[PDB]
>>> print(open('start-v3.cif').read())   # mmCIF, C-alpha atoms
data_data
#
loop_
_atom_site.group_PDB
_atom_site.id
_atom_site.type_symbol
_atom_site.label_atom_id
_atom_site.label_comp_id
_atom_site.auth_asym_id
_atom_site.auth_seq_id
_atom_site.Cartn_x
_atom_site.Cartn_y
_atom_site.Cartn_z
ATOM 1 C CA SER A 1 12.846 -12.341 -9.508
ATOM 2 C CA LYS A 2 9.907 -13.477 -11.634
ATOM 3 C CA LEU A 3 7.316 -12.349 -9.105
ATOM 4 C CA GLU A 4 9.104 -9.000 -8.809
ATOM 5 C CA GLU A 5 8.936 -8.629 -12.613
ATOM 6 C CA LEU A 6 5.235 -9.561 -12.560
ATOM 7 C CA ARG A 7 4.503 -6.896 -9.940
ATOM 8 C CA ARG A 8 6.443 -4.262 -11.922
ATOM 9 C CA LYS A 9 4.547 -5.006 -15.149
ATOM 10 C CA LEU A 10 1.282 -4.945 -13.246
ATOM 11 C CA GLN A 11 2.107 -1.605 -11.625
ATOM 12 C CA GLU A 12 2.943 -0.171 -15.051
ATOM 13 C CA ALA A 13 -0.451 -1.401 -16.291
ATOM 14 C CA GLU A 14 -2.206 0.208 -13.330
ATOM 15 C CA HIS A 15 -0.403 3.478 -14.081
ATOM 16 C CA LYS A 16 -1.724 3.344 -17.656
ATOM 17 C CA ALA A 17 -5.209 2.727 -16.248
ATOM 18 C CA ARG A 18 -4.776 5.810 -14.035
ATOM 19 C CA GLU A 19 -3.773 7.840 -17.108
ATOM 20 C CA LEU A 20 -6.748 6.508 -19.129
ATOM 21 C CA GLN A 21 -9.042 7.556 -16.295
ATOM 22 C CA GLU A 22 -7.475 11.017 -16.033
ATOM 23 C CA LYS A 23 -8.252 11.650 -19.696
ATOM 24 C CA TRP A 24 -11.601 9.857 -20.133
ATOM 25 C CA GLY A 25 -13.166 9.689 -16.646
ATOM 26 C CA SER B 1 -2.738 3.254 -27.575
ATOM 27 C CA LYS B 2 -2.909 4.004 -23.852
ATOM 28 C CA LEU B 3 -5.308 1.084 -23.622
ATOM 29 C CA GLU B 4 -3.091 -0.909 -25.985
ATOM 30 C CA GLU B 5 -0.042 -0.258 -23.773
ATOM 31 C CA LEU B 6 -2.084 -1.236 -20.711
ATOM 32 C CA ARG B 7 -3.041 -4.515 -22.321
ATOM 33 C CA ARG B 8 0.554 -5.213 -23.377
ATOM 34 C CA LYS B 9 1.859 -4.733 -19.820
ATOM 35 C CA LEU B 10 -0.951 -6.884 -18.454
ATOM 36 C CA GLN B 11 -0.124 -9.671 -20.940
ATOM 37 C CA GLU B 12 3.514 -9.472 -19.831
ATOM 38 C CA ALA B 13 2.411 -9.846 -16.208
ATOM 39 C CA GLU B 14 0.221 -12.824 -17.042
ATOM 40 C CA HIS B 15 3.151 -14.449 -18.880
ATOM 41 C CA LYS B 16 5.284 -14.067 -15.745
ATOM 42 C CA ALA B 17 2.512 -15.756 -13.766
ATOM 43 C CA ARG B 18 2.562 -18.672 -16.206
ATOM 44 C CA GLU B 19 6.357 -18.879 -15.855
ATOM 45 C CA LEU B 20 5.927 -19.138 -12.079
ATOM 46 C CA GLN B 21 3.407 -21.966 -12.617
ATOM 47 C CA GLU B 22 5.949 -23.774 -14.814
ATOM 48 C CA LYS B 23 8.180 -23.997 -11.723
ATOM 49 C CA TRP B 24 5.789 -24.158 -8.747
ATOM 50 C CA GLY B 25 2.653 -25.633 -10.306
ATOM 51 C CA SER C 1 -17.470 3.859 -14.387
ATOM 52 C CA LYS C 2 -15.975 1.034 -16.507
ATOM 53 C CA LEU C 3 -12.592 2.791 -16.373
ATOM 54 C CA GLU C 4 -12.720 2.820 -12.582
ATOM 55 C CA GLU C 5 -13.738 -0.863 -12.587
ATOM 56 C CA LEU C 6 -10.750 -1.765 -14.816
ATOM 57 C CA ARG C 7 -8.331 0.216 -12.640
ATOM 58 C CA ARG C 8 -9.716 -1.359 -9.461
ATOM 59 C CA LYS C 9 -9.328 -4.875 -10.932
ATOM 60 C CA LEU C 10 -5.669 -4.150 -11.626
ATOM 61 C CA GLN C 11 -5.342 -2.865 -8.070
ATOM 62 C CA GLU C 12 -6.952 -6.079 -6.752
ATOM 63 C CA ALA C 13 -4.372 -8.081 -8.689
ATOM 64 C CA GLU C 14 -1.610 -5.911 -7.230
ATOM 65 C CA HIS C 15 -2.948 -6.775 -3.752
ATOM 66 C CA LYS C 16 -2.850 -10.505 -4.515
ATOM 67 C CA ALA C 17 0.676 -10.293 -5.955
ATOM 68 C CA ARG C 18 1.935 -8.355 -2.941
ATOM 69 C CA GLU C 19 0.400 -10.904 -0.566
ATOM 70 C CA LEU C 20 1.990 -13.776 -2.477
ATOM 71 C CA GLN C 21 5.384 -12.065 -2.293
ATOM 72 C CA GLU C 22 4.921 -11.489 1.461
ATOM 73 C CA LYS C 23 4.475 -15.242 1.906
ATOM 74 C CA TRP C 24 7.519 -15.859 -0.317
ATOM 75 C CA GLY C 25 9.655 -13.415 1.694
ATOM 76 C CA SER D 1 -4.219 -22.139 -5.764
ATOM 77 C CA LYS D 2 -2.862 -18.710 -4.854
ATOM 78 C CA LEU D 3 -0.796 -18.434 -8.043
ATOM 79 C CA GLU D 4 -3.788 -19.669 -10.072
ATOM 80 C CA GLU D 5 -5.949 -17.009 -8.379
ATOM 81 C CA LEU D 6 -3.440 -14.302 -9.261
ATOM 82 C CA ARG D 7 -3.247 -15.478 -12.861
ATOM 83 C CA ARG D 8 -7.065 -15.471 -12.947
ATOM 84 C CA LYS D 9 -7.272 -11.866 -11.693
ATOM 85 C CA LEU D 10 -4.886 -10.863 -14.470
ATOM 86 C CA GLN D 11 -7.072 -12.685 -17.007
ATOM 87 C CA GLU D 12 -10.181 -10.947 -15.622
ATOM 88 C CA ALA D 13 -8.489 -7.559 -16.043
ATOM 89 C CA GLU D 14 -7.617 -8.443 -19.628
ATOM 90 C CA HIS D 15 -11.255 -9.365 -20.226
ATOM 91 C CA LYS D 16 -12.329 -5.918 -18.998
ATOM 92 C CA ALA D 17 -9.649 -4.153 -21.051
ATOM 93 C CA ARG D 18 -10.616 -6.044 -24.216
ATOM 94 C CA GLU D 19 -14.294 -5.205 -23.617
ATOM 95 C CA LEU D 20 -13.364 -1.544 -23.230
ATOM 96 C CA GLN D 21 -11.284 -1.665 -26.412
ATOM 97 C CA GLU D 22 -14.202 -3.232 -28.313
ATOM 98 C CA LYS D 23 -16.601 -0.524 -27.141
ATOM 99 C CA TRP D 24 -14.051 2.147 -28.060
ATOM 100 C CA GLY D 25 -13.603 0.681 -31.551
#
>>> encode(input="start-v3.cif", output="structure tokens")
Amino acid sequence: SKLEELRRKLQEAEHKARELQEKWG
Amino acid sequence: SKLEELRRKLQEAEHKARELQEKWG
Amino acid sequence: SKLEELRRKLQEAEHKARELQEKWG
Amino acid sequence: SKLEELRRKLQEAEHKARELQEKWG
């Protein structure tokens, strides 16, 4: 469970990085 | 706040990693 | 370029977390 | 070691995100 939660938070962070790059890359 | 949201999610992931270390070392 | 480097670091961490979960599964 | 490596990658990504946030300030 905890590792699954870690991976979900990390995927959400990567999605925000993708969105940052869409706007500012 | 995209970058702020990214950092918040990343902190949450790191906290889950520390919770795993509390159990498994 | 620093936005790509940040995204790719998060992706590297995703790789490590997936591999850890594969060993746990 | 593998959990410590994962936690380290997350800390490295936070270091990059903080650096980005400081430049964007």
>>> closest_atom_pairs(input="start-v3.cif", of="chain C", to="chain B", cutoff="12 Å", atoms="all atoms listed in the file", output="JSON lines")
{"residue": "C:3", "atom": "CA", "partner": "B:3", "partner_atom": "CA", "distance": 10.4}
{"residue": "C:6", "atom": "CA", "partner": "B:6", "partner_atom": "CA", "distance": 10.5}
{"residue": "C:7", "atom": "CA", "partner": "B:6", "partner_atom": "CA", "distance": 10.3}
{"residue": "C:9", "atom": "CA", "partner": "B:10", "partner_atom": "CA", "distance": 11.4}
{"residue": "C:10", "atom": "CA", "partner": "B:10", "partner_atom": "CA", "distance": 8.7}
{"residue": "C:11", "atom": "CA", "partner": "B:10", "partner_atom": "CA", "distance": 12.0}
{"residue": "C:13", "atom": "CA", "partner": "B:13", "partner_atom": "CA", "distance": 10.3}
{"residue": "C:14", "atom": "CA", "partner": "B:13", "partner_atom": "CA", "distance": 10.6}
{"residue": "C:16", "atom": "CA", "partner": "B:17", "partner_atom": "CA", "distance": 11.9}
{"residue": "C:17", "atom": "CA", "partner": "B:17", "partner_atom": "CA", "distance": 9.7}
{"residue": "C:20", "atom": "CA", "partner": "B:17", "partner_atom": "CA", "distance": 11.5}
{"residue": "C:24", "atom": "CA", "partner": "B:24", "partner_atom": "CA", "distance": 12.0}
>>> calpha_fit_rmsd(input="start-v3.cif", fixed="chain C", moving="chain A")
0.7 Å
>>> axis_aligned_box(input="start-v3.cif", around="stretch 4-12 of chain A", padding_each_side="6 Å", output="AutoDock Vina command-line options")
--center_x 5.2 --center_y -4.9 --center_z -12.0 --size_x 19.8 --size_y 21.4 --size_z 18.3
